[PDB]
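Asks:
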Amino acid sequence: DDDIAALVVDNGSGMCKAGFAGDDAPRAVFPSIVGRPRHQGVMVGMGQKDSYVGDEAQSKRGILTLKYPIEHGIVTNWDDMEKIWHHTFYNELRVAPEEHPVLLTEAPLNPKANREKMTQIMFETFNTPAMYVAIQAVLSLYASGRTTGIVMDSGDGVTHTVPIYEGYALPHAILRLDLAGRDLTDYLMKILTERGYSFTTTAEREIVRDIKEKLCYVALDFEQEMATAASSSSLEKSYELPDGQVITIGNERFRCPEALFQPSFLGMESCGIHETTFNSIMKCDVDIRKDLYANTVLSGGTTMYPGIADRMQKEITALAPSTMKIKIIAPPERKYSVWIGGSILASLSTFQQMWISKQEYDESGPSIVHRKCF
Amino acid sequence: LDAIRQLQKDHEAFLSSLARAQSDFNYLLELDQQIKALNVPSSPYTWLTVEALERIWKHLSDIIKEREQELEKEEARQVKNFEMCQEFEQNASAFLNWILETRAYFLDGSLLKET
Amino acid sequence: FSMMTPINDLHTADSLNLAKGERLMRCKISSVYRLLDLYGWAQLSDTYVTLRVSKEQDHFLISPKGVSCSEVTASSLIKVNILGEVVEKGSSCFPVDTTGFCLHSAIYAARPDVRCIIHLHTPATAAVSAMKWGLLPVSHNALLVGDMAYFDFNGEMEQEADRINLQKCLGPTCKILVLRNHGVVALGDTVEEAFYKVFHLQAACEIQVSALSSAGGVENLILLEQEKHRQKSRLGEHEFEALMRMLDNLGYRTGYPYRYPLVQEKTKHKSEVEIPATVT
Amino acid sequence: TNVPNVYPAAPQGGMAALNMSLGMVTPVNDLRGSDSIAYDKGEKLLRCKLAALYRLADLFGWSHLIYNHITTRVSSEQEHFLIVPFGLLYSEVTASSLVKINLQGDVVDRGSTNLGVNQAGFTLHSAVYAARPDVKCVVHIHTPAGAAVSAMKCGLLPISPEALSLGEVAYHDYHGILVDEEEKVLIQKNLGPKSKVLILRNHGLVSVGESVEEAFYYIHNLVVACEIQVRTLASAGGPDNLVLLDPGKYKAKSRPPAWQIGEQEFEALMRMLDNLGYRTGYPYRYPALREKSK
Amino acid sequence: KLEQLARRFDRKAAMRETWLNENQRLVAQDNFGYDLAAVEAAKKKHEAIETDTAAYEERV
Ligand SMILES: Nc1ncnc2c1ncn2[C@@H]1O[C@H](COP(=O)(O)OP(=O)(O)O)[C@@H](O)[C@H]1O
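Chains as they are written, first to last, in PDB author numbering: chain L, 2 to 375; chain 8, 2073 to 2187; chain 4, 109 to 338, 356 to 405; chain 2, 100 to 354, 367 to 405; chain S, 419 to 478.
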């Protein structure tokens, strides 16, 4: 407590954040990538590792095959996650894992074996004293100052909407949808090939992601905006590539995020995000509908596109009943909020009963996490 | 002006009929008071009483009182619309005169010969 | 997997030419279609409910031909004239037929105090329409209906003289008309009163059919005398709000405005560290 | 999971599936353990039972909008009858939405809803409540077959063993005037000292019971016997074409975890309704339908 | 000008149609007074109404 602070480690699908509990800012945020060399190294004395992890891997993008250990919110390479956790504990923070508790976040709906494997890895090798698993979407509402409301989360893995009612996650009304930032980046490639610019390797995917981050916005009205873009060239902007070339994105700036609202562009038969949130509220009982319409919180990396707030408000107004209290509450720091909620939750004195001791794990195997943490 | 001309004329034509109307109305109220003096009939075979007639008379007076101001506003706006228009007309005509005369003198091109 | 369609399509349309109170009447008659579809009375479009928008401008709202009552929405309604000419067409790519409006047109020419006319073709009401002495008030609901007028129907009313006989047989003050062999027609100043009378007369007809079957004769039944039978809420105001509220709870985007709130909404438990809400 | 928001409707009678979809959302056991300074365990349990009875009455179609009322007794030391508030539909009724009023109609508990109760509609139940201290549950129902049975001269006929199980039937003639206190006196006269089923002519069918299960049993037997009579009296056309069962001979020959005489149907339909997802919280006589696997 | 006078036609016919409805409503009900004095009083009231309607026949 006083002597040692619990480690708050947020394992997002695209980025990984780490810091100490009770602190405002995470100490280290880095991409969750692992790269392996693809070319023969002929310089004898310059020093080449077998694999590069994190920011060191992203510095040398040209000579590596970048691989993501987390795929669609599901871990597909567990020793790769051992590497990313080793890099987090030893290099970024320079603290031993055996002397501090750790806090882990997770998707609202994950397989049981995934939780068991995380617990087994965290106790067996790192020998951490105490650990706890929390739902990613719950901690955002704690960071919001709220205990009742609907939380929409969208990262690089998957986009899900949950309702929370005085700290209770309703399991039936949690809805999932496969519209993440990675799919938007792939669609950005697919629409960039029209102008004449071709990107094909995993190195250029980071360039396309940076283009998506820096030059995109959400149209309030799609049909008017297409006519506006066809009429004039005032919407066009120029981006300057790492090799010195200059591209003109032009029309596609409001075509990249539009796959969120109309998933038929990507070939998916599912409904839009607004319909997903509307159906998520529709599945709950009547009594809590009024405080779900009157209380909506946006979170996640994808939700920082400019103009997403007004478009979201209009699209959820179009589906809501008449004279209904509708408001969207989007904090400016909405994709650092999960770490903030984790540090807040670890800061409390009544939270210290949540910790799982080493003796408890040694007695009850890796299956104790589900009984101890509901 | 001419529509609002003739509408002012038939408004003061309507006041002459209003004089006949109030003469008939006070004749009727005197006859009704004469009827009311003997054994007090209110209205033996008709819905109409004195106070209903007074009410509709006041109502008509209120509406003509409003409509005289309405016509005053209309005629004021119409005359205010011609005044700046016919100010504009003479300035436009002087504009035409000077521009055609000066451009015709320069169109002759005799300045380069006589010097 | 669902029949559920948002009954309010006024915001997504953002077009057309509307009156100052038209967009509420559209939603109200669309809701009337939804209720008559849900009870199983009608499924196939035969120009059942007609509404007058304004006393002076006429421009009566009817359903398009070809769209079943389940699929009718607010923007799909068609504003026609008294003769059958198209005043305004909504977003409905269907051929326009105003033949069924002719049944309501002379009633519009007869009584102005009615705005809503509801015609039925249910088997019970059509059996009562074929029932030669008409509705026998042997039940409480038939007593609640009121007085009736009976009119012979030859199936056509384009003729200039048939209209005179229709408005003769309707009478000056009668809000229920029974056409022989052609079901029933209900007449109301508001859609609420007309819907209430439709429901009550349908229940009375359903009672009467079973009664005439089971008794086998008039003498086996009892009939209470019409002379013996002989804040403020309007005749259909109270029930129709409950129906609209229940459809709102299910999820239909009913545009009907509620006169009084449902729940008290006790003030919730407030924290100061809230981010201030809304997107402004 | 994998279930539509609203259930697809039948060609006829969309009210059944529609109220099913509404009950999927709204639980009838609205109470979850909040503060209740006036509630008792028996009062809360009877509130849940009454809400479930309202939803079951809506589910079979034994309902004519909101013009019928069902009242129960809290069985406190003074008055306190529970009634639905005036205005809410039967599929909207929850446990906390029910309104406790007095015998003369004074609202002692306004409940969770702002809608007041109908003062005129409670006098019919108040006449029965003042008539008998034994009665505790009064159900007023309106089905078309029952209305057709009430509209005929002869009334109910002993043609089925279920009508014989009904026993003596009190008949109340349609005055149609609502003359208040003498109307109450005439109800007391026609109902008699002991009776199970009342038929209020040309308007409705009334069941009275010491418990909710008893009233449900009586009204179910009455409705089913009425719709038995409807077809056969139509086809007969006279006494020369109808066999009448002898009441006395048939009744003489025919006659804790243990069930009551009317708890079986109530518990079976409660099992059905909880399998639907209404989560009524009713105390079952046996918690499981079958033995747990070993 | 002709569209203006058509809209005046609509506004003028509105009152006429409402009045036709209103005297339809009041001639619909029948309540004769008891005995010959009240009967003939109702008769002369009817003649008053009949003389009243001929005034608006001109407006029609
Ligand atoms: N400033 C920004 N502008 C636009 N998009 C951004 C921005 N920052 C992050 N993103 C998008 O968010 C994604 C990262 O989401 P992240 O918050 O890491 O997900 P998780 O919740 O799994 O941690 C990136 O793919 C990127 O496209």
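By construction, the Cβ of each residue, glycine as well, lies at the ideal position given by its N, Cα and C atoms.
I want to verify the contact list: residues of chain 4 whose CB lies under 8 Å from the CB of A432 (chain S), in sequence order.
Replies: If you number the fifth sequence from 1, residue 432 (chain S) lands on position 14. Residues of chain 4 passing the Cβ test: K163 and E164.
Asks: For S348 (chain L) and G342 (chain L), what's the separation of their Cα atoms in angstroms?
Replies: Here residue 348 (chain L) is taken as the residue at index 347 of the first sequence, counted from 1. Here residue 342 (chain L) is taken as the residue at index 341 of the first sequence, counted from 1. When rounded, the distance between both Cα atoms is 10 Å.
Asks: Could you please give me the residues that DSSP links to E72 (chain L) through a beta bridge?
Replies: Numbered from 1 along the first sequence, position 71 holds the residue referred to as residue 72 (chain L). Its beta-bridge partners are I75 (chain L).
Asks: Chain 8 partners of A466 (chain S), CB-CB under 7 Å?
Replies: To locate residue 466 (chain S), count along the fifth sequence from 1; it is residue 48. What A466 (chain S) touches in chain 8: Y2117 and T2118.
Asks: Would you identify the three-state DSSP class for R172 (chain 2), choosing helix, strand or coil?
Replies: As a working mapping, residue 172 (chain 2) is identified with position 73 in the fourth sequence. The three-state reading of DSSP puts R172 (chain 2) in strand, counting E and B together.
Asks: So, is the C-beta of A402 (chain 4) closer than 8 Å to a C-beta in chain L?
Replies: Counting from 1 along the third sequence, the entry for residue 402 (chain 4) is found at position 277. It does: the Cβ of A402 (chain 4) has a partner Cβ on chain L nearer than 8 Å.
Asks: Please compile the residues from chain 2 whose C-beta is within a distance smaller than 7 Å of the C-beta of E314 (chain 4).
Replies: Position 206 of the third sequence, counted from the start, is the residue given in the question as residue 314 (chain 4). Here the neighbours are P243.
Asks: Do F259 (chain 4) and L274 (chain 4) have their CB atoms nearer than 8 Å?
Replies: The residue you call residue 259 (chain 4) lines up with position 151 of the third sequence. The residue you call residue 274 (chain 4) lines up with position 166 of the third sequence. Closer than 8 Å, so yes.
Asks: Find the residues of chain 4 that neighbour residue 482 (chain S), judging by a C-beta separation of less than 7 Å, and give them in chain order.
Replies: Since the displayed chain S opens at 419 and closes at 478, residue 482 (chain S) lies outside it and no answer follows.
Asks: So which residues of chain 2 does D286 (chain L) contact, with C-beta pairs closer than 8 Å?
Replies: What you label residue 286 (chain L) is simply residue 285 of the first sequence in a count that begins at 1. What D286 (chain L) touches in chain 2: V124, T125 and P126.
Asks: Select from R290 (chain L), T303 (chain L) and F375 (chain L) the residue whose C-alpha is nearest the C-alpha of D154 (chain L).
Replies: The residue you call residue 154 (chain L) lines up with position 153 of the first sequence. Ranking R290 (chain L), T303 (chain L) and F375 (chain L) by Cα distance to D154 (chain L) puts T303 (chain L) first.
Asks: List, in order along the chain, the chain 4 residues whose C-beta lies closer than 9 Å to that of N439 (chain S)?
Replies: The residue labelled residue 439 (chain S) in the question sits at position 21 within the fifth sequence. Neighbours of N439 (chain S) on chain 4, chain order: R219, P220, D221 and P280.
Asks: Determine the contact status of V329 (chain 2) and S318 (chain 4), defining contact as a CB-CB distance below 8 Å.
Replies: Along the fourth sequence, read from residue 1 onward, the residue named residue 329 (chain 2) stands at position 230. Along the third sequence, read from residue 1 onward, the residue named residue 318 (chain 4) stands at position 210. Contact flag set, yes.
Asks: The beta strand (DSSP E) spanning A379 (chain 2) covers which residue range?
Replies: Counting from one through the fourth sequence, the residue named residue 379 (chain 2) turns up at place 268. Unbroken run through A379 (chain 2) is the alpha helix (DSSP H), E374 to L387; no beta strand (DSSP E).
Asks: Can you pull the chain 4 residues whose beta carbon is under 7 Å from the beta carbon of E435 (chain S), in chain order?
Replies: Taking the first residue of the fifth sequence as 1, we reach residue 435 (chain S) at position 17. In chain order: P220.
Asks: Cα separation between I2136 (chain 8) and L454 (chain S)?
Replies: Translated into the one-based positions of the second sequence, residue 2136 (chain 8) becomes position 64. Translated into the one-based positions of the fifth sequence, residue 454 (chain S) becomes position 36. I2136 (chain 8) and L454 (chain S) have their C-alpha atoms spaced approximately 47 Å apart.
Asks: Alpha carbon to alpha carbon, how far is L400 (chain 2) from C325 (chain 2)? Give it in angstroms, no decimals.
Replies: Residue 325 (chain 2) sits at position 226 when you count from the first residue of the fourth sequence. Residue 400 (chain 2) sits at position 289 when you count from the first residue of the fourth sequence. Going from the Cα of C325 (chain 2) to the Cα of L400 (chain 2) covers about 32 Å.
Asks: For the 8 Å Cβ check, are there 3 or more pairs between the stretch 116 to 124 of chain 4 and the stretch 173 to 183 of chain 4?
Replies: yes
Asks: Report the option in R219 (chain 4), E362 (chain 4), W241 (chain 4) and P203 (chain 4) whose CA atom is closest to the CA atom of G325 (chain 4).
Replies: The residue labelled residue 325 (chain 4) in the question sits at position 217 within the third sequence. Of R219 (chain 4), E362 (chain 4), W241 (chain 4) and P203 (chain 4), the residue nearest in Cα terms is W241 (chain 4).
Asks: Give a yes or no on whether 8 Å exceeds the smallest Cβ distance from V105 (chain 2) to chain 4.
Replies: Here residue 105 (chain 2) refers to the residue found at position 6 of the fourth sequence. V105 (chain 2) counts as touching chain 4.
Asks: Counting Cβ pairs closer than 8 Å, one from the stretch 157 to 164 of chain L and one from the stretch 354 to 363 of chain L, do we hit at least three?
Replies: no
Asks: List the residues of chain 2 that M325 (chain L) touches, going by C-beta distances under 8 Å, in chain order.
Replies: What you label residue 325 (chain L) is simply residue 324 of the first sequence in a count that begins at 1. The premise fails here: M325 (chain L) is roughly 17 Å from chain 2 at the closest Cβ pair, so nothing lies under 8 Å.
Asks: What does residue 350 (chain 4) reach in chain L if we use C-beta pairs closer than 7 Å?
Replies: Chain 4 lacks coordinates between 338 and 356, the interval that contains residue 350 (chain 4).
Asks: Counting only Cβ-Cβ distances shorter than 8 Å, please list the residues of the stretch 357 to 378 of chain 4 near chain L, keeping chain order.
Replies: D373, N374, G376 and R378
Asks: When you compare each of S200 (chain 4), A218 (chain 4), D154 (chain 4) and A367 (chain 4) to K276 (chain 4) by their alpha carbons, which one comes out closest?
Replies: Sequence index remark: in the third sequence, residue 276 (chain 4) carries index 168 (1-based). Checking every option, the nearest Cα to that of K276 (chain 4) belongs to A218 (chain 4).
Asks: Among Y349 (chain 2), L332 (chain 2), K288 (chain 2) and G347 (chain 2), which has the Cα closest to the Cα of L341 (chain 2)?
Replies: Walking along the fourth sequence from the start, residue 341 (chain 2) turns up at place 242. Answer by Cα proximity: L332 (chain 2).
Asks: With DSSP as the reference, identify every bridge partner of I182 (chain 2), one or two as the case may be.
Replies: In the fourth sequence, the residue the question calls residue 182 (chain 2) occupies position 83. Bridge partners of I182 (chain 2): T170 (chain 2) and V198 (chain 2).
Asks: Would you mind telling me which residues of chain L sit closer than 7 Å to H119 (chain 4), beta carbon to beta carbon, in chain order?
Replies: Translated into positions along the third sequence, residue 119 (chain 4) becomes position 11. Those within 7 Å of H119 (chain 4) in chain L are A319.
Asks: If you follow the alpha helix (DSSP H) that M16 (chain L) is part of, which residue opens it and which one closes it?
Replies: The residue given as residue 16 (chain L) occupies position 15 in the first sequence. Per DSSP, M16 (chain L) belongs to no alpha helix (DSSP H); it is in the beta strand (DSSP E), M16 to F21.
Asks: Are the stretch 170 to 177 of chain L and the stretch 243 to 258 of chain L touching by the rule of at least three beta carbon pairs closer than 8 Å?
Replies: no
Asks: Name the residues in the stretch 255 to 277 of chain 2 whose C-beta lies less than 7 Å from a C-beta of chain 4; which are they?
Replies: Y273 and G275
Asks: For the alpha helix (DSSP H) containing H161 (chain L), list its first residue and its last residue.
Replies: Here residue 161 (chain L) refers to the residue found at position 160 of the first sequence. No alpha helix (DSSP H) holds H161 (chain L); the beta strand (DSSP E) holding it covers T160 to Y166.
Asks: Assign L211 (chain 4) to buried or exposed, taking buried as 16 or more other Cβ atoms, counted over all protein chains shown, within 10 Å of its Cβ.
Replies: By 1-based counting over the third sequence, the position of residue 211 (chain 4) is 103. Here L211 (chain 4) is buried, its C-beta having at least 16 other C-beta atoms within 10 Å.
Asks: Check the Cβ of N213 (chain 2) against every Cβ in chain 4 and list those closer than 9 Å, keeping chain order.
Replies: Counting from 1 along the fourth sequence, the entry for residue 213 (chain 2) is found at position 114. Result: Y385, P386, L387, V388 and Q389.
Asks: Please list the partners that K462 (chain S) has in chain 8, where partner means a Cβ-to-Cβ separation under 7 Å.
Replies: Walking along the fifth sequence from the start, residue 462 (chain S) turns up at place 44. The answer, in chain order, is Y2117.
Asks: Against chain 2, with Cβ distances strictly below 8 Å, would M283 (chain L) count as a contact?
Replies: Locating residue 283 (chain L) in the first sequence gives position 282, counting from the first residue. It does: the Cβ of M283 (chain L) has a partner Cβ on chain 2 nearer than 8 Å.
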